[PDB]
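Asker: Below is the structure, and that's it, no one-letter string:
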Ligand SMILES: C[C@@H]1CN(C(=O)c2ccco2)CCN1C(=O)NCC(F)(F)F
């Protein structure tokens with residue numbers, strides 16, 4: 001399965017599944033500082049799923065590794081901000097992360113295999 005471009009539609013589909021998850025609600029838009037006025041004190045690089053989707057559709061990811069780095073930043077920012085490991089939003093981030101990692105594994109493997117086949 002050596003299609004070097006297949007990752008992009010696979011990532012669009014996975015983002016659609018993440019938008020249908022109730023666990024994505026808090027991560028679907030850039031954090032509102034009005035509600036969280038200290039957020040940029042703690043979080044140097046905000047990230048959210050709408051920004052990831054727009055960056056993909058603009059053609060501003062070269063590889064699924066770059067998309068994966070931005071999605072992992074959504075989850076690390078939620079760990080950096082949580083006052084507790086028990087909190088609602090942090091618990092939603094951990095379930096959504098497990099879902100994402102389960103689904104991105106094959107996208108990354110197929111892409112890297114396709115690249116190796118191209119360079120053979
Ligand atoms: C505060 C929330 C959740 N959150 C956290 O990581 C977190 C962990 C513990 C407390 O907050 C950051 C993202 N947040 C937003 O408002 N984002 C805008 C939205 F929701 F419209 F997409």
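Answerer: Structure's in. What do you need? Residues are numbered from 1 along each chain as shown.

Asker: What residues does the residue sitting nearest the centre point of the chain make contact with?
Answerer: By C-alpha atoms, centre = their mean, the chain has its centre lying nearest to residue 71, at 2.0 Å. Going by C-beta atoms under 8 Å, 6 or more residues apart in numbering, residue 71 touches 47, 49, 52, 100, 104. C-beta: built from backbone N, CA, C; applies to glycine.

Asker: So which of those are in helices?
Answerer: If you go by DSSP state H, the contacts of residue 71 have 49, 52, 100, 104 in helices.

Asker: Just name the closest of the residues you listed to residue 89, please.
Answerer: residue 49 (14.1 Å; C-beta to C-beta).

Asker: Check the contact between that closest one and residue 17; I expect there is one.
Answerer: No. Assessed by C-beta atoms under 8 Å, residue 49 is found out of contact with residue 17, at 11.0 Å.

Asker: between the two, who's got more neighbours?
Answerer: Between residue 49 and residue 17, counting by other C-beta atoms under 10 Å, residue 49 is the more crowded of the two (20 against 12).

Asker: The more buried one and residue 67, how far apart?
Answerer: Taking C-beta to C-beta, to the nearest Å as the measure, residue 49 falls 11 Å from residue 67.

Asker: Could you find the residue in this structure that comes nearest to the ligand?
Answerer: Taking C-beta to the nearest ligand atom, the ligand has its nearest neighbour within the chain at residue 78, 3.1 Å off.
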